[PDB]
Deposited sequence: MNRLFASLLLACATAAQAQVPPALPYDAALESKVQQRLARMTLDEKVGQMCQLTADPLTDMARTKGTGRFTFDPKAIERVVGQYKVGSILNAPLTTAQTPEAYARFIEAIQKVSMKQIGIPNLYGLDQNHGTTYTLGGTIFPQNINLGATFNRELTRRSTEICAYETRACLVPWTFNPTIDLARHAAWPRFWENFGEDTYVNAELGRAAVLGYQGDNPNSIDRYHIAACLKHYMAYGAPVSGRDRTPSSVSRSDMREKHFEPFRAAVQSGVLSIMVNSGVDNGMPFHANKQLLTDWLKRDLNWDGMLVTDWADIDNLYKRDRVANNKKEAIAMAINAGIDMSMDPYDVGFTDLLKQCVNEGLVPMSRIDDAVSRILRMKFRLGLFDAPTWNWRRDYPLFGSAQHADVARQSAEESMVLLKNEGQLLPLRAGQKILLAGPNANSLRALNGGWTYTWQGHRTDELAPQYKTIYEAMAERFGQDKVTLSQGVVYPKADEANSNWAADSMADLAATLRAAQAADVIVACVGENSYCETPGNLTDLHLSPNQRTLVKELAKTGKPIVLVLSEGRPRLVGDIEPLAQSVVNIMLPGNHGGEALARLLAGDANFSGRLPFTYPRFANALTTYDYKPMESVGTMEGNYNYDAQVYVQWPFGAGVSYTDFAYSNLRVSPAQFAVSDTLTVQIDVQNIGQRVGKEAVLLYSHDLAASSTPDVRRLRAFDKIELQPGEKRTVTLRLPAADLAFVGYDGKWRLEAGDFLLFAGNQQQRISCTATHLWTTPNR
């Protein structure tokens, strides 16, 4: 297959000319990545930089100094010092990386976007691209040319604490928005990423979000068809768009740590996809091979196993001794020089693509005036608005009106930490209200929009301040419930903001998906006042709320909309904006009946032979794609041509969508398929395409979607792709159309 990134002879000549000049010490140093802590005396230590970079030849540094967000100036002066030693002693520029994963996670003042789960709910490729383009600009303003993003793990277990870091439970959404994210970060030329753009990094390759138990970094048990058809597909898709780097899943599947899995790292990914990018470990995961999983007896053997499996750079991330042990591997014949040379070739190639040899630093004081601008914040607020899902709205309770006295209650009502979640200024997000109080909480934005005299704050339940480890992220407590109920009696409408406080990775593991008991009791007691309730779900995971949903006339899921989510929510609740978000996952009802939308027919209740109207409503609080608007949209006249088709065809799908209500609004248009009979029992529905359009009242538009016939193929039992003769249904809104594949096509190549 053609190279994932275009062949460039001049680029390869620079790579090989530099490789030919390097000592073994310099080669192993390029493969070593350390965090900023070994360089920290925020004050850095010049002697530490000379040692780590000058003596040990370390080629990459990552992370926020002091593990907390810093200003662009603080990063710039630090990286200037790093680059001075790197160019003088090595002649190869350092590669600095940050986990800038919803805007500038680790840069104070930068534009903070909704988390990726929210962007999934926007179904909006261009808005996703615009956000990572803004993130790229604001990260280069720190002299940083690389983000470890996008995360495109499939969200396959609602208990997993990293549920909210990806674009949701669906393969196609993660593939398409992952591509849009890569394009926004990197721009349109992977071989020349200018100084407004940064290297992207897909993570965490792969199946990281399917742990059997839901606990982070515990084994998955992914089926043969699922591994290729679903978990691999977003990585394959975004590799095809030219991503410069990929980070490997820390965990384990079928007893095999991914960091030791040569078949998946080298064969499926680098070789099959002909991808010449740079493959980095996740944090300390070479250490994990011997300490955690005991597939190696010591660190030397762990390094050899990971590097031979295809790893190019180790996020060690603390010990310069990695370089000594890798040299021992080479000297003892455990790793061949061909593998070292190839790894360094990939690292150098990435550095050349970022322009770092010619510009290891650049004019950060002058060239980034839009950093943290209101113009950038407008895009974040739009993203936030388009992500919020109106799940229920009985009796036109929303939008709220002038005059109405509003009570804001719940532990998520007056907190920026709650709006942002984890990966915000600190890893756990546990200091956001302390570090960036200038941004607007839900309460502050509601008070500004509706008037201080109309908006009263009485939480009833509060979160404590996090300890340093954020060990108390799940804690909350009742706080003068009596006063809160009195305040509810005095109001016209209650906006109750419940869900989760912030957490990240394993510290956020949970043991029961239910919403916390105090927050359940709060909403039940508010309901007894007889006042109408707008239930706002503010959370990284879809915590169970089936016992309080019947009490709420309206329900809004804001997930984790970031610094501008309060502003956005106030505009939606006021009717300045119109809801258009749609759930990018299944919201479960019960702790031990978890399902996704793309389930098998045998899991349906009641479906009769020859029907395809499957029913999971007794198990699903709200389904994938749920969401309503303040206006109404009618779909009609679904057309598909050619209706008889084979693998070489492209299907042209057209659906008419009319705003039949009184408000302008956007509508995400989602196209599903179902294979009516198959040699592997067929998923009841699969999302195959989507678009999003804005319609004036009364306006009708034809939406056209192009669907290659091969997108109706599936991975059969033998692990190979096949498109089978037989019928399918395509679905758009409540419209459906039957089509027929006239001839079976079996692939012999690993990918279609």
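Not built in the structure, per the record, are deposited positions 1-19, 61-69.
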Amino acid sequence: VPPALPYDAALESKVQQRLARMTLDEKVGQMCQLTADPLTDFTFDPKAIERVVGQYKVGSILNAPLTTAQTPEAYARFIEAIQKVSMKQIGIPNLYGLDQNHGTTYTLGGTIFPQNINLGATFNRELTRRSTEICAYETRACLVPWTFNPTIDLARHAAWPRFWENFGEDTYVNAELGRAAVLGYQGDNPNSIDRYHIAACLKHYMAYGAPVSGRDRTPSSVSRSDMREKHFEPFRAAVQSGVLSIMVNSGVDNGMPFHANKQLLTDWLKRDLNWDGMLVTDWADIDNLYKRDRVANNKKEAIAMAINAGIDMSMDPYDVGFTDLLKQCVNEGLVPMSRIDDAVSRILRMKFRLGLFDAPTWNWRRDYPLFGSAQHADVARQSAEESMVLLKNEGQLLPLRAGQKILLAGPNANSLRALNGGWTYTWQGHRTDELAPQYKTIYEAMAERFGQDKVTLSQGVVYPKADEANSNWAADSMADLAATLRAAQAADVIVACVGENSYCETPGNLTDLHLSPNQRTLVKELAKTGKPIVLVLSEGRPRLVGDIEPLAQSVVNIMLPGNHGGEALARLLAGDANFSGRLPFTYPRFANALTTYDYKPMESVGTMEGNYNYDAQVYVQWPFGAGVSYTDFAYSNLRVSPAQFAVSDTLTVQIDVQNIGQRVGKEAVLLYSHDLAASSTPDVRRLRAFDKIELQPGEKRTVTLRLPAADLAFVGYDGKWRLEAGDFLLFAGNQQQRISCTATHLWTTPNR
From here on, numbers count along this sequence of modelled residues.
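According to the PDB record, 478-486 carries the higher mean C-alpha B-factor of the two stretches 429-437 and 478-486. Look at the mean CA B-factor for 234-242 and for 488-496 in the entry; the higher one is 488-496. By the numbers in the PDB entry, the CA B factor is greatest at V53 among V715, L712, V53, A69. As recorded in the PDB entry, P642 shows the highest C-alpha B-factor of the residues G508, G562, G184, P642.
In the deposited entry, the Cα temperature factor of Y318 sits in the top third of values across the chain's modelled residues. The entry lists a Cα temperature factor for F590 that places it in the lowest third of the chain's modelled residues. Annotation for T218: C-alpha temperature factor in the lowest third relative to the rest of the modelled chain, per the entry. When all modelled residues of the chain are sorted by CA temperature factor, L730 is found within the lowest third. In this PDB entry, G546 carries a Cα temperature factor that places it within the middle third of its chain's modelled residues.
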